[PDB]
Amino acid sequence: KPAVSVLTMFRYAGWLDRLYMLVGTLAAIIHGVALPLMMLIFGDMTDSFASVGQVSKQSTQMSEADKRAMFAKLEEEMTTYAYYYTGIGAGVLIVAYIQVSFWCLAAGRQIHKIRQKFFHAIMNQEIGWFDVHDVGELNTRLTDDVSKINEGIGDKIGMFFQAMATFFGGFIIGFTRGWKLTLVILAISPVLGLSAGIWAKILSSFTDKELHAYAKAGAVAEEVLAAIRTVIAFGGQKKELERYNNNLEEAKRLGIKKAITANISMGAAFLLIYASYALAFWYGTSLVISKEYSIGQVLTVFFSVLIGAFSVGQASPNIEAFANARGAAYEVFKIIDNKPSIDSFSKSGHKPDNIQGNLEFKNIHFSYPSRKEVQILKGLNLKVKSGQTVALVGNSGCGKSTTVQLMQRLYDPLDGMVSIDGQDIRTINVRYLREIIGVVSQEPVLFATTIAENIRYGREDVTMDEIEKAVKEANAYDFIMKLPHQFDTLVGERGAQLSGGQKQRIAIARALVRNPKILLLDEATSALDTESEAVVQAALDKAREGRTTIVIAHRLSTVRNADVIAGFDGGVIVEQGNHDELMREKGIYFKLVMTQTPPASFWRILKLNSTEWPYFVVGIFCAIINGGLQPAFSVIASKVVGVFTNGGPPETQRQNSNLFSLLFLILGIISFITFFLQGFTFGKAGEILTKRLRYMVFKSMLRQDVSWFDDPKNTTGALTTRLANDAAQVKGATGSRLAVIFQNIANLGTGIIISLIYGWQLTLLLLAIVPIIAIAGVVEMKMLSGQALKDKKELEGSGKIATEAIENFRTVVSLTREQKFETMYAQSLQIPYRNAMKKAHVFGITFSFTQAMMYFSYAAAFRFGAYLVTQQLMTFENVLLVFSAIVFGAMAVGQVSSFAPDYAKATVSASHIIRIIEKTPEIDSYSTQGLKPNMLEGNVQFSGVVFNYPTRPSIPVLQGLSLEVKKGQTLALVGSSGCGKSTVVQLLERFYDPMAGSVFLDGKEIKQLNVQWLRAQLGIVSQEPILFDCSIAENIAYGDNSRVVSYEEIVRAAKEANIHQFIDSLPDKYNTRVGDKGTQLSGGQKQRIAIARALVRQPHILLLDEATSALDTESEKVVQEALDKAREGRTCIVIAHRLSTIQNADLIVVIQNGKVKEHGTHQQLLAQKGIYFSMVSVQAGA
Ligand SMILES: Brc1ccc(Oc2c(Br)cc(Br)cc2Br)c(Br)c1
Ligand SMILES: Brc1ccc(Oc2c(Br)cc(Br)cc2Br)c(Br)c1
């Protein structure tokens, strides 16, 4: 929404840049004007063949006499027009270079200036300007927004003025040569803009319906794949597939309805567009029979108008490129034009010599850019004598850290002044002030250069002697010399990461070369290892003594030797004096001392599509007919102008043009009929395999065991996304792109045959010219992408050192050296600059070549069409036909290179979708094999079970576990932590087979038992019961599948679960909907329902997995009262964390490191004193 003045955007264009654009926009206009003139000459060539075409057939008497006056007229005329043609081709060759080169020259020259001034403005902002802004967005604003500016002031402006030249020059020639046909062509324009307006209303309203259609099926998949362990446990895998298949059945009915309507729309709009043209051209014929226009003049206007009409659309993208570049330049120039109050690039203010370093802080009130929300300093008074070292202590707020911030004048105070020596700090030059102040911060940062270079960031003029003395004076010389490469080592985020105490020592050496008169140490010892702290502290004590120093830290070891100590309380200075005096005061300082002491040939995806042997042959044969039918429109138009040029006696012409225009409209309706078929057939054939694919995938997905659904690769969202994309992508490959790719090869094929058999060597010439200009058009794009990738790699190195400069900004500005990063960034940009200069010459050469190759191709098209061919007996009506048929059939092949990614993006989406079906699990619930025992009573035998989870085979959960529980008794399961309690329930459900050992139920190993039948005797109840969106009667009846559960049967379970108070209180009762879609209820009711579906199964084994986990107050007392009634009649395994409710259990077992540690009845484990005794004691007391 915000934008820029047009002149201010070009403020960096001067002298040559203003001339480059002037000459560039000039030749661009010359480039555009060249095309409608080329069509104007085409009218004069028609009248030359038309006057001879009328007189040659007018004879029917003399023959050798027509070999004289006619051929001489053709000789002088065709040579004149071919001479003019070769001139136009040389014209477009020059202006197209001038157009693109000059504009790319002005663009490259300016963007180089924009980028430097921008980065200069970034480093010029004061710190308070950075505290309110995001540096990451700013650097991306540097590389992205400047790119948008470059796209707007580049050769696009030349293309824009070239297009308006075609538009103006087209309608000028259109108006002058005849004001009638223009107004007739404009009259059909609202119809063409209205038919394409129905498309923007049909696409935008139907693309939501399909995204609404599958969203109902994808909602089923989401709540299923999220509750996968519940449907697996209850075996509803046939139902949840059936529901998904029922929603797929509706999505395909809405998909074929959209295929019917969208193809009716495309054919009808196409028929309205082509009938509009033919009416405007049949109207053109009606004005030649009246001798009002020439047969060649109708072409001259009908083309210059339509060329200039579409020239509007070809200019619209360049308008958006210029406007986006304007608005992109707003926030950029806003930074450049913004002037700071602090500067630091300014050359102003005093530079005192013989600075003695007497600092004082006078009534300083300050607040960080958070402003009126927080005021961290409410008044202040502090002096530090020259030579002295004052230390600042404080409980919190870190107002201690603010004084170091103000001392470098990173901010100016709200009220009050900070005075170095006697002068106010604002009277001294900012850069010189930061140069007389050395800073060592808590987190030290080293830039990605050598040690000597990071030390060289203290002062640019320095020799290895001073570097050596500096690191030796910080006792940092001993440890770097052992490091290889000596001073030439590397540091940074990338490469040679060092100890914290060593990086700080280099920072101390970096600040030591500064030879500052003032020293600021802000928690440099804090957040550092204790051993290396003394090594750095020795350097800090050796760094002072020659300077006045303010030091801030939470280490009260470094504070004793300070001449004065200062305490803060709420931004107010409270206590000050020597260490001993502050202890006698017994105040804030004394208080803190005591406190701290694979693309491949995939045919089988088409073999599954072979379910429909027809519907394809219908579409293909219908598409090939539609392919063979398009050039016949060019054949009609070739003979509408052909018989009109080859007319002779004019009486028969008027009756013939009516016949051709009628046949055209009969060919158009027969084109509509065949287009709708090839669309509907492919559409329906694509929507049905979408159901087959999503059905077989969702079927195979429910086949995999819990081992697969635990994969971090496969989550519910990533599965629903893999489910939708892969099915829609394969539909596109077999869909419209294939019906079109066969319609087009049939379009060129039926066109090349007609053209070849008509003109001998005429077509053979064009078949030598067209492929070359097509290949030359391709190689230009390859060089375009190569230069684009190269320039992206080169400015990346510049923005990389710009990223380093601005992300570590608060450090560099503290060291000044901003001019250093400016020079570094400038040297980095110099390579893309000289690159951008060559880019203009290359871009201009390639564009001019492809334009000239199109215009010279046109001259050879007629100089050969006339002369050698027309001095023979071959005719002009065919040369028009060959031109239209060949060039249109070639532009139809241009759609093959556009639908190419739709094939690869589908084959990759097909690559995954063929494997996701074929993958077979270790435990497949679909296998009908298994024993299915007849004996009812149920035991459970865990024996020597060692189990690790397949996702994390690191820490084992079960190591030699062994349990046994008889029928009808409760097996309590206590554990220190982890799923060692829960893994038992998962292995009994046989979500996994154990690594070693085995687990039995009736004495049979479940590994050889039937998987589905096994889970059919289990009443699983988990922590958070997930209930699908349906009737609570269905969530209850979900406990027993393969049979419809009676209402009184699902009532019995609801009576059993004590949920009947809700089920009768509801208005709908058992038919109420639950799942946070129709109704919402608390977890206590959700659990009771899950208990109901558990015992609707009438299992012989309950499985209660921390059922009272998320519950509270009386809700626990009523749910536990229901669970306690559910057991005592079945085999039961309860791992509930309420050991008070576990006391009345037939056997309590304590799990330890996967092994069973203690076991026995409650009082038995209470008689023993150990883990279980400690478990019951800890939470009964707490
Ligand atoms: Br000769 C000649 C060629 C194309 C003509 O109009 C067009 C044009 Br222009 C493009 C297509 Br596709 C089909 C037809 Br019909 C006319 Br009118 C005359
Ligand atoms: Br230069 C140039 C001129 C006309 C071109 O298209 C044609 C062609 Br090809 C034939 C006829 Br008749 C009219 C037009 Br307009 C092309 Br492509 C390039």
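Some notes on this structure:
- Selected residue (only one of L380, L414, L392 is touching a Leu at 6+ places or on another chain (Cβ under 9 Å) and crowded, with 16+ Cβ neighbours inside 10 Å): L392
- Only residues that are within 18 Å of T46 (Cβ to Cβ), of a type outside the set (S, T, Y) and away from ligand 1 (no atom under 16 Å from the Cβ) were counted across region 867-897, and they come to 2.
- Of all the criteria given as (1) within 16 Å of ligand 1 (Cβ to nearest atom); (2) part of a helix (DSSP H, G or I); (3) surrounded by 17 or more Cβ atoms within 10 Å (Cβ to Cβ), the one not satisfied by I624 is (1).
- Checklist (1) within 16 Å of ligand 1 (Cβ to nearest atom); (2) surrounded by fewer than 20 Cβ atoms within 10 Å (Cβ to Cβ) applied to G53, failing item: (2)
- Residue identified as surrounded by fewer than 20 Cβ atoms within 10 Å (Cβ to Cβ), more than 34 Å from the chain's Cα centre (by Cα) and among the aliphatic types (A, V, I, L, M) among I754, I741, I670: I670
- In this entry, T230 is excluded by the filter for residues that are over 23 Å from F680 (Cα atoms), part of a helix (DSSP H, G or I), within 16 Å of ligand 1 (Cβ to nearest atom) and polar (S, T, N, Q).
- Here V572, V640 are screened, and the one residue that is within 16 Å of ligand 2 (Cβ to nearest atom) and among the hydrophobic types (A, V, I, L, M, F, W, C) is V640.
- Region 854-882 residues that are over 21 Å from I754 (Cβ atoms), paired with ones that are away from ligand 2 (no atom under 11 Å from the Cβ) and of a type in the set (V, I, T) (beta carbon under 6 Å, 6 or more apart): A859/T86
- Residue in region 375-391 that is among the β-branched types (V, I, T), in the same structural domain as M9 (by TED's automatic domain parsing) and either in contact with a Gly (Cβ under 7 Å, 6 or more places away or on another chain) or farther than 29 Å from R547 by Cα (or both) present: no
- For region 637-654, filtering for residues that are among the hydrophobic types (A, V, I, L, M, F, W, C) and surrounded by fewer than 20 Cβ atoms within 10 Å (Cβ to Cβ) leaves 2.
- Hey, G889 farther than 30 Å from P1099 by Cα, surrounded by fewer than 14 Cβ atoms within 10 Å (Cβ to Cβ) and within 16 Å of ligand 2 (Cβ to nearest atom) or not: no
- Residues in region 330-359 that are among the small types (G, A, S), out of contact with any strand residue (DSSP E or B) (no Cβ under 6 Å at 6 or more places or on another chain) and farther than 15 Å from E126 by Cα: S348 alone.
- Within the set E1024, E1005, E964, the sole residue that is within 42 Å of the chain's Cα centre (by Cα) and surrounded by fewer than 18 Cβ atoms within 10 Å (Cβ to Cβ) turns out to be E1024.
Yes/no matrix, rows are residues, columns are (1) farther than 30 Å from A826 by Cβ; (2) touching a strand residue (DSSP E or B) at 6+ places or on another chain (Cβ under 9 Å); (3) aromatic (F, W, Y); (4) crowded, with 20+ Cβ neighbours inside 10 Å:
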residue: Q61; (1), (2), (3), (4): yes, no, no, no
residue: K73; (1), (2), (3), (4): yes, no, no, no
residue: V92; (1), (2), (3), (4): yes, no, no, yes
residue: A96; (1), (2), (3), (4): yes, no, no, yes
residue: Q99; (1), (2), (3), (4): yes, no, no, yes
residue: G108; (1), (2), (3), (4): no, no, no, yes
residue: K117; (1), (2), (3), (4): no, no, no, no
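Conditions (1) part of a helix (DSSP H, G or I); (2) closer than 14 Å to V445 by Cα, marked per residue:
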{"site": "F479", "(1), (2)": "yes, no"}
{"site": "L490", "(1), (2)": "no, yes"}
{"site": "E493", "(1), (2)": "no, yes"}
{"site": "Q497", "(1), (2)": "no, yes"}
{"site": "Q502", "(1), (2)": "yes, yes"}
{"site": "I506", "(1), (2)": "yes, yes"}
{"site": "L520", "(1), (2)": "no, no"}
{"site": "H554", "(1), (2)": "no, no"}
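- For the criterion of being in a helix (DSSP H, G or I), among the aromatic types (F, W, Y) and within 16 Å of ligand 2 (Cβ to nearest atom), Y83 passes.
- Pairs, first more than 20 Å from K517 (Cα to Cα) in region 399-413, second of a type in the set (G, A, S) and surrounded by 20 or more Cβ atoms within 10 Å (Cβ to Cβ), C-beta under 7 Å, six or more apart: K400/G394
- Neighbours by Cβ (under 6 Å, 6+ apart or cross-chain): first from region 456-482, closer than 17 Å to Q537 by Cβ and in the same structural domain as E818 (by TED's automatic domain parsing); second surrounded by fewer than 17 Cβ atoms within 10 Å (Cβ to Cβ) and of a type in the set (S, T, Y): none
- The number of residues in region 765-800 that are surrounded by fewer than 16 Cβ atoms within 10 Å (Cβ to Cβ) and within 30 Å of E443 (Cα to Cα) comes to 3.
- Among the residues of region 266-286, at least one is farther than 30 Å from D145 by Cβ, surrounded by fewer than 16 Cβ atoms within 10 Å (Cβ to Cβ) and more than 16 Å from ligand 1 (Cβ to nearest atom).
- Residues located in region 300-315, provided they are within 11 Å of ligand 1 (Cβ to nearest atom) and surrounded by fewer than 23 Cβ atoms within 10 Å (Cβ to Cβ): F303, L306, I307, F310
- Flag set for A739, criterion: assigned to a helix (DSSP H, G or I), of a type in the set (A, V, I, L, M, F, W, C) and more than 30 Å from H841 (Cβ to Cβ).
- Hey, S943 under 34 Å from the mean Cα position of the chain (by Cα), away from ligand 2 (no atom under 16 Å from the Cβ) and surrounded by 14 or more Cβ atoms within 10 Å (Cβ to Cβ) or not: no
Numbers and lists here come from the model and the stated rules, or from a named source; no laboratory instrument gave them. Positions of Cβ are backbone-derived with ideal geometry, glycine not excepted, and every protein chain shown enters the neighbour counts.
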